[PDB]
Amino acid sequence: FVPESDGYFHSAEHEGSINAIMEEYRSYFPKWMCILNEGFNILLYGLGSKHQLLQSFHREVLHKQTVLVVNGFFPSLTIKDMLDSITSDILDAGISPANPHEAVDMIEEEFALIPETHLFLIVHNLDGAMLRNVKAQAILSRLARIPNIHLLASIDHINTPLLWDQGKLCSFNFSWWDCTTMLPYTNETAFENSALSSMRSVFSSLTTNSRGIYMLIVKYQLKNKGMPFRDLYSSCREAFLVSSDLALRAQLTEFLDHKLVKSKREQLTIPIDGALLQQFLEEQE
Amino acid sequence: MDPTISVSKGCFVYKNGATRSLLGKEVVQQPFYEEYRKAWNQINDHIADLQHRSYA
Amino acid sequence: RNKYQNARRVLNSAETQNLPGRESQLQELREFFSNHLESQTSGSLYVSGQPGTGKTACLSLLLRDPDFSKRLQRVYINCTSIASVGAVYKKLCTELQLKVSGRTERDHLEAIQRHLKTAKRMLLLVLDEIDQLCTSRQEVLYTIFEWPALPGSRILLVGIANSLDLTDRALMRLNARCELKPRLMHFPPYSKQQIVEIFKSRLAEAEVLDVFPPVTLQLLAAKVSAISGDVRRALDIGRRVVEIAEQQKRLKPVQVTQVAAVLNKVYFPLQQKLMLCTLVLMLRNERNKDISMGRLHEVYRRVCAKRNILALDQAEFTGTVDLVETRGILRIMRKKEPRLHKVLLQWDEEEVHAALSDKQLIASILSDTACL
Amino acid sequence: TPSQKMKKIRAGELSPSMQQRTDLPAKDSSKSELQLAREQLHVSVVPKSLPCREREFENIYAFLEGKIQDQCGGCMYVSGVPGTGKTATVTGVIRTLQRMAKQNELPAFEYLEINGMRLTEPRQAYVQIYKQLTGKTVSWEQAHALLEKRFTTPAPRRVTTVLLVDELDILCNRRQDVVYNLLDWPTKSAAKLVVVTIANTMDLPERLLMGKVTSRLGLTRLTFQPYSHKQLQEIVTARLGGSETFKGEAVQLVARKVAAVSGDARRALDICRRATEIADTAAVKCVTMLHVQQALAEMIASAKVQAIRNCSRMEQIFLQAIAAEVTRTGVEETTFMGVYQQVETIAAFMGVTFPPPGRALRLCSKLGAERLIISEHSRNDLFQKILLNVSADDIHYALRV
DNA sequence: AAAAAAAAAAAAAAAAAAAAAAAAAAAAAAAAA
DNA sequence: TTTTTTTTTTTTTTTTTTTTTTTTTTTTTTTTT
Ligand SMILES: Nc1ncnc2c1ncn2[C@@H]1O[C@H](COP(=O)(O)OP(=O)(O)OP(=O)(O)O)[C@@H](O)[C@H]1O
Ligand SMILES: Nc1ncnc2c1ncn2[C@@H]1O[C@H](COP(=O)(O)OP(=O)(O)OP(=O)(O)O)[C@@H](O)[C@H]1O
Ligand SMILES: [Mg+2]
Ligand SMILES: [Mg+2]
């Protein structure tokens, strides 16, 4: 691949094809066991989702082994979870220490005492949302250096070796494999890291006084095409909509709770264009 | 979907007899594995001996 | 003894057996529990509403209903009475008489997960005030709301809360799968006629209906449904009416004037006057609302110099500003030094001028622009 | 072993008594009239019938008598600035109801009290309530579980329990679980709990309490307004009684100068005691108005003129230079370098020499320790920021006149 | 291209969560009889 | 062999440190002139 630098300076048959692709990639599994036996690690870097390929490798080959499957695309994953998992559930040694490199030192000292006890770990999306810092990659490369622990991992981002220096890349004794399936990213992109109807459904649950307050806000916003706090308080006090100022601050905090009006510095700007506010103002009549 | 696509956890332990030589016997007793083991151990011991004689 | 005390007894703002305002909601929950008992499928449910709308009353009524006592096993958990967010599992084992190896939360979690797979009876798990289980990562709430997706589990769980969009803000990832999405149910706040029917039911419960004419019930219910709409405020004002009528008259029915005075009730030192007058003057004659304590005290000293009043020093002025902040008129942003505290007025100037009731003084302060 | 002592302390078996005097205390026959007026004017000697708080007494007594006789339980919130007789009125209502319960004119009740400022954590509230039913000191989880079993499970014959919560805003935290548990237990039918909560801020339930907690707190409120000068005069005149150790205008002067500042009753009762101790030294049997003016000058102090008058020469030159630099550049926060330039100007005008900057930092540290100015650490010399904590007219009054 | 608002980001204070330490309690080993 | 004492390990409770939330202030970007 050669990217041209000047652009920076000027700035059916598909299913059977994927089935044949997956059978071709399932042919590579005894070669992967022979490669993992000699001390290398497996890294896959194709285009499509390599989740199902690694899961079928775990089911069809590593069925009786100690396998820690780590979902790197999980947005609430931490290194504390993986290290607590290795020290507690596999090795029965309780909670790992709060220093994670000390926990990896403990894991090396404990796996030195048990030869012919191999921990496999399968990390879908090694460049995941909580493994893109340098410390987590240092911990994973220190884990991959142990002769008992073997590693399979997926790579999806385009800037992945920007955080692997040559020490991490010699610890990660990788065998790079082009496992390019064409499967879409359903399981990887579903999580938390990746309207006027909502405004009407929130306005359905309002009471009468809050309805009058938001009516005053939208009427002033559409008359003058944000609004101040003092004129709003005088408008709510002239219509007997409120008892004090702090009840207006409570109702405006309730409005900001539901993302209906936006406070600024107190400026009150409704973050939806004027035309849909005009349709909403004509909706009540 | 899958058993390992849980919304709560991120890690899944499949411990089978873990406490506090990956291949079978049918591949190791093949002669190319023994020959590769002997040749690689010879080359690695020679490279280690050369590095020792360099660093001593 | 008399009838005002009997109304004061029977309004009571406490747990009741008959729920006249909640008749479609109880039937909807009954249809939910019946459709998940007869099909023997699991399900999540999230009820939400304003504080005082009758959610806990509906679910506490259905958890004593004998038609569901035989088919399913009911467990109620209030999430404010738990010592920690990760401790709820232990409490659930305590609510299920489970036998755990114990002494770690993961053991209680695996005991619950072993119980939910081979249970002899369907479980109904109600978690009240579930917003206390929200944390940074929310491992506990996502573990609890995933037990419908457990293999072979028959747990069905209800979560009661206040915000309408808790499962859309703090439980977004459950929207990734259509199975794990909790069915929403909003309890609307009470209207006027529902509060009138609640009052008439509670007054006919002890035959004290003669004490309240219908017009005070309609006026009070219209006011409560206009402001807040919850029945706790309705029963509180309906009890304060009879507890002012009993102390005032000591059989005369409660007229519209007394409930009007109660609804207008529900819905000064000299140096504090000179502090508030100086703050009103400095907010009028300057567009900068960043007023410190020393900058306010330096103008206050000139103001009391012009009135021939011995002004306080800084040490007593700070306590004066705090004693006015206790009324809610001000707000003090605290800093490292007491000279640098920031006084922010939170009342309108008409409200300050009305609360002082000293027009001949504040008319003289605002005419004294030269001491600024 | 002292572990038996701690085992009996946590179980409440040995009472926490205190050491006693080797001398018997004095008799009331050997005291003078001024000593008796000084003993009656102590703030700790609370009277049986409080003046000026009769309507609040009627309000709290009507609420508590109704909640006890109806056997229901509920909640009240009284509030007001400190010194306005909140806790004294509430505990007087409790003592009157206990006197009526000892004479079979009322159903019996158990009265518990906690203070939010005598706890280190709000969760320790659970340790204190359970220490007032049984007397055992347990962990807060076990105490909360036992209180929950007591108030949720119905058991005849349960008696009404009146729970007083002083300083409610110290029990409020980010989660608000202690205050929600204390305001949710009366809402259950099996608990005969009446919670009366006392605090200072009037808008506390809407300011920092959540919607369910202010929903359970209720609308039956009471506000203890500050005392006017007639009310402070009536308080102090009722404290003195039938004596003539105070003048009729001295009490009025204390009342007018205290009711204009805070409205506190502790302030008037302490200023009158200081006036009594001043009159005891001047060998007069009465407390005239001059002793009251001397006590009002001493207790309502303003000693930032005498501090600048008692500074040294270079410190007063430094105080002139900070004000001159504030006048020159306009801004209030001035660095040390411009202040030292103005120091050189003022010292060359006065004809005296000044210390080097290393000792001018010592003068600045001395003035900043006394809080006449606000200064930083002296590690960043010549660039540390100086605020003038005293007003600029106070220096020009203290040094000219 | 500058003046002025405005949203994003950093600093800092404050409260909670987690780790660590210390004490209480229960189980085990060794002496008393 | 059975009972009582002293050691050891586990579990609970309290303290301290680290992280997280929340408020404030700055600060670089965007709109208007
Ligand atoms: N439909 C009704 N009819 C009569 N009384 C009712 C009704 N709904 C609620 N109540 C009264 O309101 C109280 C129960 O309110 P509930 O606790 O259900 O509100 P909530 O929404 O749970 O409040 P929060 O959200 O603050 O917990 C009981 O005292 C009950 O007597
Ligand atoms: N009306 C009164 N008559 C006589 N003495 C009074 C009166 N009001 C207050 N005092 C005296 O002033 C003191 C006020 O103490 P109290 O505990 O009542 O104040 P408080 O309002 O509870 O203060 P805080 O809010 O700070 O706790 C009491 O010790 C009492 O002796
Ligand atoms: Mg409830
Ligand atoms: Mg008090």
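Analysis parameters
Within every chain, residues carry numbers counted from 1 in written sequence order, not necessarily those of the entry, while residues missing coordinates are excluded from display. Written order determines the labels here, with chains lettered from A and ligands numbered from 1. Only a portion of a larger assembly is displayed here, and every value given applies to that displayed portion alone. Excluded from the side-chain calculation are hydrogens and water; included are all heavy atoms of the structure. The set of buried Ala, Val, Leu, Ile, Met, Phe, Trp, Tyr and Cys residues whose side-chain atoms join them within 4.5 Å is what this entry labels a nonpolar core. Relative accessible area decides the class of each residue, using a 1.4 Å probe on protein chains only: under 20% of the type maximum gives buried, over 50% gives exposed, and in between gives partly exposed. By the criteria applied, helices consist of DSSP H or I runs no shorter than four residues and strands consist of E runs no shorter than two, each listed in order from the N terminus. Note on contacts: a residue pair is in contact if any heavy atoms of the two residues lie within 4.5 Å. Think of it this way: one heavy atom of a residue within 4 Å of a molecule or strand is enough to make that residue near it. Here a polar contact is recorded for every N or O atom pair within 3.5 Å, except that within protein the pair must consist of a potential hydrogen donor and a potential acceptor, and residues adjacent in sequence are included only if both atoms are side-chain atoms. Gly falls in the polar group here, along with every residue not listed as nonpolar (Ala, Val, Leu, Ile, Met, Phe, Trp, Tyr, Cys, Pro) or charged (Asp, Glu, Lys, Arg). UniProt positions are given in the numbering used here, feature names are shortened, and annotations may be inferred rather than shown by experiment. Any two strands between which DSSP finds at least two bridges are classified as paired. The axes used here are C-alpha line fits, helices contributing only the stretch in contact, and every angle between their N-to-C directions lies in the interval 0 to 180 degrees. When the strands point away from the viewer, a crossover counts as right-handed if the route from the first strand across the helix to the second turns clockwise. In these notes the angle categories are as follows: under 35 degrees is roughly parallel, over 145 is roughly antiparallel, 65 to 115 is roughly perpendicular, and the rest is oblique. By convention the crossing between two helices is left-handed if the near helix lies anticlockwise of the far one by an angle smaller than a right angle, and right-handed if it lies clockwise.

This entry, as listed in the PDB, derives from cryo-EM and reports a resolution of 3.2 Å.

Draft legend 1. Expanded view of the nonpolar core. Ranked by size, the top nonpolar core spans 40 residues in total, and within it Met82, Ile86, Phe111, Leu126 and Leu143 of chain A carry the most contacts. Those elements that place two or more of their residues in this core are β2 (66–71), α5 (79–90), α6 (100–111), β3 (119–124), α7 (134–144) and β4 (150–154) of chain A. With residues near it in sequence (within four places) discarded, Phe111 of chain A still touches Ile86, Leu91, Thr117, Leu119, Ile146, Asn148 and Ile149 of chain A. Counting 36 residues, the second largest nonpolar core, distinct from the first, contains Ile82, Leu157, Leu171 and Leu174 of chain C.

Draft legend 2. Highlighting the protein's contact with DNA strand F. Around DNA strand F, the neighbouring residues are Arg103, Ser136, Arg137, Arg331, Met333, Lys335 and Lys342 of chain C together with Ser139 and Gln142 of chain D. Protein-proximal atoms of DNA strand F, defined as those within 4 Å of the protein, fall in sugar or phosphate at a share of 100%. A distance of 2.9 Å separates a phosphate oxygen of DNA strand F from a polar side-chain atom of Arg331 of chain C. At a separation of 2.5 Å, a phosphate oxygen of DNA strand F approaches a polar side-chain atom of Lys335 of chain C. Considering only residue class, the surface near DNA strand F consists of one nonpolar, three polar and five charged.

Draft legend 3. Up close: the UniProt feature "binding site: Mg(2+)" (unreviewed entry) in chain C. Residues and elements named next belong to chain C. UniProt marks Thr56, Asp128 and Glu129 with the feature "binding site: Mg(2+)" (unreviewed entry), using the numbering shown here. These annotated residues cover 74 residues of sequence, and their C-alpha atoms all fall within 9.5 Å of one another, placing them together at a single site. Inspection of the secondary structure assignment puts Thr56 in helix α3 (residues 55–62). Those residues within four positions of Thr56 in sequence are excluded, and the remaining contacts are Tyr76 and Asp128. With respect to the helices and strands, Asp128 occurs in strand β3 (residues 122–128).

Draft legend 4. Structural detail: the environment of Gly368 of chain D. All names here are of chain D. The residue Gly368 is located in helix α17 (residues 357–369) in this model. Expressed as a C-alpha distance, the spacing of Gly368 and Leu387, which sit 19 residues apart in the sequence, is 9.5 Å. The contacts of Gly368, once residues within four sequence positions are left out, are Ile373 and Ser375.

Draft legend 5. Just the sheet that holds strand β1 (residues 43–49) of chain C, in detail. Residue and element names in this part refer to chain C. Taken in spatial order, the five strands line up as β2-β3-β4-β1-β5 in an open sheet, and their pairing is parallel. Unpaired on one side and paired on the other, β2 (72–78) and β5 (183–187) mark the two borders of the sheet. Here the average twist between neighbouring strands, direction ignored, is 15°. Alignment of β3 against strand β4 (residues 155–161), held across six bridges, turns out to be parallel. Its bridge partner being in β4, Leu127 is matched across the sheet by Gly159. In this fold helix α2 (residues 24–38) packs onto β1, β2, β3, β4 and β5, with an angle of close to 160° to the strand it touches most, β5.

Draft legend 6. Structural context of the protein's contact with DNA strand E. Contacts to DNA strand E come from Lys80, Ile95, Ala98, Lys264 and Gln267 of chain A together with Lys7, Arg10, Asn173, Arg174 and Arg175 of chain D. Residue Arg174 of chain D places a main-chain N or O atom 3.1 Å away from a phosphate oxygen belonging to DNA strand E. Grouping the amino acids of the surface near DNA strand E by side-chain chemistry returns two nonpolar, two polar and six charged.

Draft legend 7. Main features of the pairing of strand β3 (residues 160–166) of chain D. Residue and element names in this part refer to chain D. In terms of residue burial, β3 counts as a mostly covered element, since seven of its seven residues are buried. Residues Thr160, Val162, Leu164 and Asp166 point to one face of β3 and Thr161, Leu163 and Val165 to the other, with burial holding for every one of them. Where strand β2 (residues 109–115) and β3 come together, seven bridges link them in parallel fashion. Residue pairing across strands places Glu110 opposite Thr161, the latter belonging to β3. The pairing of β3 with strand β4 (residues 193–199) spans six bridges and is parallel. Residue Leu164 lies in a different strand from β4, and its bridge partner there is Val196. Crossover β3 to β4 through helix α7 (residues 178–184) is right-handed.

Draft legend 8. The arrangement of the packing of helix α12 (residues 270–284) of chain C against helix α13 (residues 293–306) of chain C in detail. Residues and elements named next belong to chain C. In the contact formed by α12 and α13, the axes pass within 9 Å of each other and the chain directions differ by 115°. Classified by the angle their axes make, α12 and α13 are roughly perpendicular. As α12 packs across α13, the resulting crossing turns out to be right-handed. Listed contacts from α13 to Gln271, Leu274, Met275, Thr278, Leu279 and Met282 of α12 are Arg295, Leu296, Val299, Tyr300, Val303 and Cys304. Of the residues assigned to the contact of α12 with α13, the class counts are nine nonpolar, two polar and one charged.

Draft legend 9. Broad picture of the site of ligand 1. Around ligand 1, 24 residues are found, and the nearest of them are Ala14, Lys55, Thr56 and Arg202 of chain C together with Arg216 of chain D. Per-site note: the chains with residues close to ligand 1 are chains C and D. Here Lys55 of chain C contributes a side-chain N or O atom positioned 2.4 Å from an oxygen atom of ligand 1. Contact between ligand 1 and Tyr190 of chain C: a nitrogen atom at 2.6 Å from a side-chain N or O atom of the residue.

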